[PDB]
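Here the structure is laid out as structure tokens; the discussion comes afterwards.
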Amino acid sequence: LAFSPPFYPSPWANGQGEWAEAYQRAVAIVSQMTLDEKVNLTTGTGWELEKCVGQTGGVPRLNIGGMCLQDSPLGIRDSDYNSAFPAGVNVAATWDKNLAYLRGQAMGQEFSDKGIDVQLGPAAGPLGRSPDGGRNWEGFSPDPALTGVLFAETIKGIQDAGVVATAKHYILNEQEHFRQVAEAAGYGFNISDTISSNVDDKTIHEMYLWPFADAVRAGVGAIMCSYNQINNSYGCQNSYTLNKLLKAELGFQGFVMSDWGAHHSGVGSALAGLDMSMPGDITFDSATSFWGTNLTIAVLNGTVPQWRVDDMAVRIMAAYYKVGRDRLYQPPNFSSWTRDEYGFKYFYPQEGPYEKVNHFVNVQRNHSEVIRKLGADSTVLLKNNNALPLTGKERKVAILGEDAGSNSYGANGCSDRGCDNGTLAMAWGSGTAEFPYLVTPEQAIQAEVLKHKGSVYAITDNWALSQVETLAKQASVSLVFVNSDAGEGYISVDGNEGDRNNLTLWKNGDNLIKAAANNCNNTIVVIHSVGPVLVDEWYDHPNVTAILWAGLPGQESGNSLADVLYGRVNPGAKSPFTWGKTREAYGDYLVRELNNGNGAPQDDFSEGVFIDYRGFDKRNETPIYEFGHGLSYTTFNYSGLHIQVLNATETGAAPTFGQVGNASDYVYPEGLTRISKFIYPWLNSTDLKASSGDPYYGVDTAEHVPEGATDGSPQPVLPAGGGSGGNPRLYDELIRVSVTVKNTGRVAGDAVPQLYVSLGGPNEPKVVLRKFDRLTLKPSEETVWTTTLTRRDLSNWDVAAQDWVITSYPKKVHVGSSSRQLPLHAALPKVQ
Amino acid sequence: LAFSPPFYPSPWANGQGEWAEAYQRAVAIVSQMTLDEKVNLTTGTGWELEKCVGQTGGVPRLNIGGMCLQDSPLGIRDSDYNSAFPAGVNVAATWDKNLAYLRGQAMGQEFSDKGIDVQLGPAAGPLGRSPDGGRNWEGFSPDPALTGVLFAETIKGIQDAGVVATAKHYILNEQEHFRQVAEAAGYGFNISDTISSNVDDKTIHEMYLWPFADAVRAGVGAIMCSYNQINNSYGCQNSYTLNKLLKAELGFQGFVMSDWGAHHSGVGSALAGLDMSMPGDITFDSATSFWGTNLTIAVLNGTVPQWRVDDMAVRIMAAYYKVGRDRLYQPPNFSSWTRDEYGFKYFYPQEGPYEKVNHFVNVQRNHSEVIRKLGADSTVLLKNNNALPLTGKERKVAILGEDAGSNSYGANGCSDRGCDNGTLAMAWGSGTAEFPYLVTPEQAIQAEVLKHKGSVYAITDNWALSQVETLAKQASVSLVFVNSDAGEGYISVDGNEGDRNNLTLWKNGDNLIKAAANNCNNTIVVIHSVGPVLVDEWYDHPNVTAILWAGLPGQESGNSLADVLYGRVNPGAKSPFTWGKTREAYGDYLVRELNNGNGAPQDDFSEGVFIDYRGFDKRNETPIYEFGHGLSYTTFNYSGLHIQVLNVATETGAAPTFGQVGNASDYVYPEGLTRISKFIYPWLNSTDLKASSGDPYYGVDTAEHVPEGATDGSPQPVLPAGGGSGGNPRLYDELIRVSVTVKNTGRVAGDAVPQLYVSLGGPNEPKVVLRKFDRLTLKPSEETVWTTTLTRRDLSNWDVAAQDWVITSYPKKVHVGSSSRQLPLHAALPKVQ
Ligand SMILES: *[C@@H]1O[C@H](CO)[C@@H](O[C@@H]2O[C@H](CO)[C@@H](O[C@@H]3O[C@H](CO[C@H]4O[C@H](CO[C@H]5O[C@H](CO)[C@@H](O)[C@H](O)[C@@H]5O[C@H]5O[C@H](CO)[C@@H](O)[C@H](O)[C@@H]5O)[C@@H](O)[C@H](O[C@H]5O[C@H](CO)[C@@H](O)[C@H](O)[C@@H]5O[C@H]5O[C@H](CO)[C@@H](O)[C@H](O)[C@@H]5O)[C@@H]4O)[C@@H](O)[C@H](O[C@H]4O[C@H](CO)[C@@H](O)[C@H](O)[C@@H]4O[C@H]4O[C@H](CO)[C@@H](O)[C@H](O)[C@@H]4O)[C@@H]3O)[C@H](O)[C@H]2NC(C)=O)[C@H](O)[C@H]1NC(C)=O
Ligand SMILES: *[C@@H]1O[C@H](CO)[C@@H](O[C@@H]2O[C@H](CO)[C@@H](O[C@@H]3O[C@H](CO[C@H]4O[C@H](CO)[C@@H](O)[C@H](O)[C@@H]4O)[C@@H](O)[C@H](O[C@H]4O[C@H](CO)[C@@H](O)[C@H](O)[C@@H]4O[C@H]4O[C@H](CO)[C@@H](O)[C@H](O)[C@@H]4O[C@H]4O[C@H](CO)[C@@H](O)[C@H](O)[C@@H]4O)[C@@H]3O)[C@H](O)[C@H]2NC(C)=O)[C@H](O)[C@H]1NC(C)=O
Ligand SMILES: *[C@@H]1O[C@H](CO)[C@@H](O[C@@H]2O[C@H](CO)[C@@H](O[C@@H]3O[C@H](CO[C@H]4O[C@H](CO)[C@@H](O)[C@H](O)[C@@H]4O)[C@@H](O)[C@H](O[C@H]4O[C@H](CO)[C@@H](O)[C@H](O)[C@@H]4O[C@H]4O[C@H](CO)[C@@H](O)[C@H](O)[C@@H]4O[C@H]4O[C@H](CO)[C@@H](O)[C@H](O)[C@@H]4O)[C@@H]3O)[C@H](O)[C@H]2NC(C)=O)[C@H](O)[C@H]1NC(C)=O
Ligand SMILES: *[C@@H]1O[C@H](CO)[C@@H](O[C@@H]2O[C@H](CO)[C@@H](O[C@@H]3O[C@H](CO[C@H]4O[C@H](CO[C@H]5O[C@H](CO)[C@@H](O)[C@H](O)[C@@H]5O[C@H]5O[C@H](CO)[C@@H](O)[C@H](O)[C@@H]5O)[C@@H](O)[C@H](O)[C@@H]4O)[C@@H](O)[C@H](O[C@H]4O[C@H](CO)[C@@H](O)[C@H](O)[C@@H]4O)[C@@H]3O)[C@H](O)[C@H]2NC(C)=O)[C@H](O)[C@H]1NC(C)=O
Ligand SMILES: *[C@@H]1O[C@H](CO)[C@@H](O)[C@H](O)[C@H]1NC(C)=O
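These protein sequence lines are chains B and A, in that order. Mapped onto the authors' numbering, the consecutive letters of the first sequence carry residue numbers 22 to 668, 676 to 860. Mapped onto the authors' numbering, the consecutive letters of the second sequence carry residue numbers 22 to 668, 675 to 860.
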């Protein structure tokens, strides 16, 4: 079985780079705290005990309010009068750093105005190993450069708005099946521990870890560790991924929190680099915690050093001060668990004072404008045989497909969006928000048609093919809507347990398109989906005259689409994944059956870096629509490639901050009423064993604490660490590349130039993306696009050196409009 | 068994009143015709043989194109790029003569621009005897005065736009059950003939005939006779209703056409007053006709007098010239039977040249604006506890009910509207049109809320009550949409065979309303329906803060409603029928079982004139919402009622003939002519009349089957009640002027609908009967004097001994006010005669 080697001790924060100020303030405040106050910072108060999906108790003596952590990466979850933004995969399709940032900002503002201190997003894990993974749509793209940049911009947007962002899920949570034992049991499978992602050291560095290096470097304040194991050690106590890769090598200064039920031990996780337990209890409402009381006892009894808990408290406070949260603090002014105005203060046990729990604060501002724009700028025009834009003069318009229409249960009518009914604007699970409303394609396109005095209808039953065919025969243009949905693994829709069972259009989508195209010579297909779908059966039908993929557009869906179809917005989006002819063309099969008896299923990432386009390229398979493909209402020319060559070894000892007293200091205080199921930091009595209630208390302790796990002395700095997101020399700029881009067509719009490198060597992909931008040019206008390649951009990870090295194989650079349209290339000069 | 006495001969046209000129042109052109040409005008060419749902062959030698007849009373049926107008019941609810006129003009324009000569509408039969009748919605109101006035304005709108209107269905077709023998068989009922409406002479004069008098007097060119029998004589050969009441008493100068399959004999129908056979064959595509060949033969063999067929020709051409159709003539430029651009000329057999059958002409103009306004102006505000209008500042708006949402098969996705899916904007059957689009309440309300930056959702599955209750608990206002549908009898939706099986909301509507009102203190109910529904279980819920009935609004439905809800239009509409506590409170049960063995079911109108509010008032039963009731966003005051007393041939000419009839050999099929399969022609196979007729009863007991007087072309007496248009002209003398002051006493501009009722007195007269109304726009504080006049007809009763209208000696009173139960002003009327 794959094995996860140890790396200890858990590195302590040190004020690195842009953290210096936040760190000194954290140390100043944590130095005033008692042990039970520190522990209150690290442990949630119990599932549904307070307002937010995650909430800690804070430190009231020092005026630090409990920290409220809320989903999702696309808008506030379980709340009211908030916006519902396009999913992260739509951000990836924009290839637009500025939009990623603005969406970040607009979300952080909404969260902040609800009294939420930490947003649980953005996501870059799953990166998107498999096309049918149930949660890729929450993240960005299976390409690490594209994902890393937009993930970092999203983070900066959210944090500049005063809310701590949480880069999740760390790491290798690439499929929903078998991610949690109790879930798998509900789906008929008996496993003793969750699926283990087994991954070699080079692949993890070059693919899955790279966007987390970007997030660290961009200043992200929190990381959420994952439910799956990595080489059979759970994500939230994997000393190699958390202590070595995240903290020692990437130099992460913020705090790591568990996913909800991902916490699996007290001492083991604390020493393997976890900082925050969510939602705080061992299972929901168990009234027990691996930390809380137990972490106070673990320090008192000598097993967890004081420097470890002190460092947890310092990382947590520093992330809070780093985004300025203290200046914006207010208690959460809504409840995740009810929409009632009044309720008991502590929801799950219905205890505490009966008082106002919801204030109905409308935090939307004018964010519907950035949503509508981001939806239009993420609508990829995959095919256009001279059909779009429409003029508004088409005499009779057929709107065809359930995906154009309303959810008959209401837009929020399926809990956590766990159904596929009506237009698909948001996929399912915890990665969701309540729509304030949902503009459907039927609404926006019919309103556009009626504004020009046209005739228009919508057919939204995909088995009503008799009606579809009759109307398609009468129409000037048929706009056909289809979808494919997926989501987090605790919800199953039509037998898809989070992950998609296939890549085919749902609700009869292929038969619908053929019914319409067989009968109307101007049939235009619009796809809303979580990821790629198979288009092979109809994409080259001679009456399918255009095809668009609009992703998961959020609340302004129909308006974002009508803007594109009627030429108000010239589509500039590019596919952020590959569109293959078959499911087999992508390889990388999900693990769907137990392969390790009733032990943890074993998920070997045996393709290495070869996922999405790298895998297609290596197999010489031609995609229908490649990574980076998308059309425009204008054309662009790329010419004139120009290349120019450009000109701590030990840590401190672990500090302690403040003092730890006798057990009687930490016994429940006398006048306090303990709320049922509420998780506290306090002990029932000075008897440590009885107060822990742990059946393993004090047994074989030293044998269960890895070697080095308590060592507070100065540590070596890793060759690849020493900076933020890696050794700073990885970020030196070695080569400048420039090209001329001209708009040669007749419509103003945006080009997305893309720069790929060939690193060389028998095991390297043919091309890997490194740089891109999105540049606005009016007709005939030109501009020089210039960018630089960093030492990291030209390196591979070398397992013998434990460092990035520029290998001696000759390297090339390529510039053009997609991974398969690269008219400009050059050999790169040797650099090191 | 009820018996229908004979009245013969069938009166001939005479150029009465405004028909003088059209009649002179008709005689001049018909005087040039041969017998086979005249026959061609009276007979359709067979089901689906040409373009229009009925079409004659015309008279090509004299450049008279075939007449194209097309449904429906609310917009062009079976066509493209046309508008879908609100139903006739909505026009009733507007109480607005001007809107009725403007809707008739917008429709006539559209029909004319498609090459259609005759619109098959508007409808005042069924009048609305039973609240669950399947086609009341196509007509206006169970009240004869309200109906007759808006029917007449609708006809003047259509005809002033250059298309012949057809007043239908004449007469007493007050239910769909047992209306046609083959339809009844399709439903498991074995009957030998159609249901017989059996009605006394005074009720038919005072109720069902009255709007047809107004139609005739307003100039209607055509009348369509009905499928039912009346006293066991078929509506399209009933000499009493056709010859006596319509032609001799009301003085009708235009032509009578059959309903489709309502023609039941050649000789008998022609003598009893029918003028045109539709669609022309005996049964669809039977290639046989009671007329066509048979009518040419019936004149040749002496059974039907030449003057009778000359008169059919003269009435048909006169209706055509009267509206000026000859000046707008063009072949129908669409096909009812296919939307294809090209097709065989003759659809049913797929024969004739292969040529252009559709030109896709867009005839809609800006008719959406009159549709939008008439939908808003027909939305009756039944209850409003200071809930409406909305301001747009409502923070969260719940739109609840399938009736708010789209039809998942597309607006036209159910053939002839035969389903109740999504919002109900048009009921079912032949009285239908293709929507060019349909704006749903969901669309227009959600767009309104978004313009204000509110939050809004629509739940459109009426059994998703968990989601309904959860959203309603969150909502500032819950707008709940419910409906009840019905239509022509040839379609059955959910076991409703045209007629509605009950008056209860469809699709779980009562439960949906309770789910919302139990959870939301500001629940507003919007009803789309063909007629009244039972509101008793929830209308007085303390959380139901407003209730509206918006009828069947046609293609602008959601915009018409949003205009009212957000106060761009202050509702002025008034209920045109009564909302009772129970079905039993209306009486007037439909006949739903065979009650005459396997012969015609017998439908006795034993309540007489006591239908709708007359019945409630006679029984002292209190409606929840009375006839005439509607609220407004302002209030009106009525004061100062005052009354002021104000200051014909006896024989016809002899029946004329125009032009000549020759030998049988003149009428044999022309040798150079390809005879299209199923097409109906006027020609004879040979000079052998018996053989050419193919009639198994040819020459059988003929004299016995020709009623006494049926061939009598001599001068006839003029009936005491006849001699004018819509009756003896002395019936229209104005005898009393009434005036009252109407004031807007509230804070916003709005329309009042003052209503003038009379009590005619007598032990068996209704307590009150509507006679006058108008719809008057007033700004806040503004006052106006409303003046109208009562005619001699308005004060009379039908006296069956006299066969005339008489003002009886019981003292009469006038009552003016805002509804049939809210009449604060009353005056005794002085004796007048
Ligand atoms: C001061 O106060 C403190 C607070 O109260 C006291 O704290 C308690 O101390 C106890 C010890 O005194 C702790 O109990 C022991 O816990 C260990 C750790 O269990 C967790 O981690 C397991 C993985 O361990 C590796 O990885 C972590 C880091 O991730 C390391 O910390 C470990 O040292 C170990 O490292 C090796 O491996 C990694 C790579 O993976 C390398 O990198 C390293 O170099 C090392 O090689 C993990 O598997 C555990 O998962 C179980 O528990 C989860 C629920 O918690 C459950 O979800 C999982 O499915 C799994 O369930 C199964 O096992 C549990 C029992 O652990 C059963 O109850 C359950 O039925 C299932 O069987 C977990 O997340 C734990 O291993 C110990 O248990 C082993 O040993 C005891 C005997 O001593 C046996 O009785 C047990 O069966 C078990 O035996 C297995 O393991 C042995 C290998 O070690 C092997 O020999 C056996 O054959 C068998 O395979 C103890 O349970 C307790 O956690 C802690 N409490 C709190 C609140 O923190 C403290 O004691 C006190 N101090 C003093 C001085 O008084
Ligand atoms: C870890 O995080 C957790 C979660 O956030 C922290 O747990 C919370 O800690 C709070 C203390 O910081 C504790 O707050 C208490 O709440 C009680 C309930 O308050 C609500 O109800 C009351 C009463 O109806 C309303 O007034 C109030 O506004 C709330 O709606 C309060 O009643 C407690 O008030 C008392 O203490 C505060 C100061 O803490 C005083 O200012 C206040 O006057 C009260 O003082 C009396 O009681 C205290 C001790 O209870 C005595 O010391 C004092 O002398 C007074 O005693 C008189 O009155 C009491 C009865 O009231 C009488 O018995 C006595 O004989 C005297 O006559 C306080 O406000 C939260 O409840 C608690 N949350 C939960 C879920 O448990 C935890 O602290 C964090 N841990 C660390 C280490 O940081
Ligand atoms: C009752 O109503 C019914 C239904 O409306 C009436 O029935 C219709 O009557 C029409 C009038 O007679 C009759 O029309 C005939 O249609 C034929 C076919 O028309 C179409 O297809 C052809 C063939 O592909 C196309 O070419 C044509 O354009 C149409 O698309 C025609 O072939 C007949 O046309 C001729 O006669 C008329 C006079 O009516 C001329 O004006 C016209 O120009 C044609 O003229 C030639 O034919 C006549 C012989 O009648 C000659 O006298 C003349 O000099 C021309 O001669 C040359 O050409 C002919 C024919 O090719 C040739 O044989 C000769 O030697 C010369 O070379 C005519 O148009 C409809 O078919 C019929 N509809 C149905 C469904 O049956 C009915 O009449 C009404 N009854 C009454 C009593 O009013
Ligand atoms: C990949 O992954 C996807 C996602 O998980 C998989 O998709 C599922 O595929 C299943 C297997 O194919 C799908 O299940 C099938 O669904 C069919 C349709 O179900 C729905 O629609 C029907 C038909 O509705 C019409 O008729 C109704 C009245 O009967 C009417 O109300 C409705 O409005 C429609 O009206 C039109 O049609 C009638 C005439 O038919 C006209 O009169 C009318 O005017 C209109 O024109 C409805 O009956 C049904 O209840 C439902 O709403 C079912 O039809 C399938 O049934 C066939 O097989 C049955 C058992 O399997 C058997 O009973 C029966 O005999 C049938 O032959 C079947 O349930 C499922 O929906 C898909 N799910 C999604 C989310 O898309 C996919 O399989 C995977 N692909 C691969 C390759 O693995
Ligand atoms: C008239 O002649 C046609 C053509 O032969 C024949 O088919 C039809 O049946 C005949 N009609 C009658 C009544 O005999």
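Virtual Cβ for every residue (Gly too), placed ideally from N, Cα, C.
Nearest to residue i by alpha carbon, out of the options?
| i | options | result |
| --- | --- | --- |
| B/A567 | B/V501, B/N61 and B/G149 | B/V501 |
| B/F631 | B/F311, B/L62, B/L193 and B/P163 | B/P163 |
| B/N564 | B/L652, B/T818 and B/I534 | B/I534 |
| A/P747 | A/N157, A/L758 and A/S741 | A/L758 |
Taking Cβ-Cβ distances shorter than 8 Å, what residues in chain B pair up with residue i?
| i | result |
| --- | --- |
| A/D482 | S429 and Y430 |
| A/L471 | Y458 and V460 |
Counting only Cβ pairs nearer than 9 Å, list the residues of chain A close to residue i.
| i | result |
| --- | --- |
| B/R360 | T491, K494 and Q495 |
On the criterion of 16 or more Cβ atoms from any shown chain inside 10 Å, does residue i qualify as buried, or is it exposed?
| i | result |
| --- | --- |
| A/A829 | exposed |
| B/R702 | exposed |
| B/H663 | exposed |
| A/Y375 | exposed |
| A/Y607 | buried |
| B/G426 | buried |
| B/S550 | buried |
For chain B, check one thing: does any of its Cβ atoms lie closer than 8 Å to the Cβ of residue i?
| i | result |
| --- | --- |
| A/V477 | yes |
Against residue i, what residues of chain B qualify as contacts under a CB-to-CB distance less than 7 Å, listed in chain order?
| i | result |
| --- | --- |
| A/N433 | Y478 |
Which bits of chain B does residue i rub up against, with CB to CB less than 9 Å?
| i | result |
| --- | --- |
| A/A485 | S429, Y430, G431 and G434 |
Counting by C-beta, which residues lie closer than 5 Å to a heavy atom of ligand 5, in chain order?
Near ligand 5, residues with a Cβ at less than 5 Å from any of the ligand's heavy atoms are A/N712 and A/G721; the list follows chain order.
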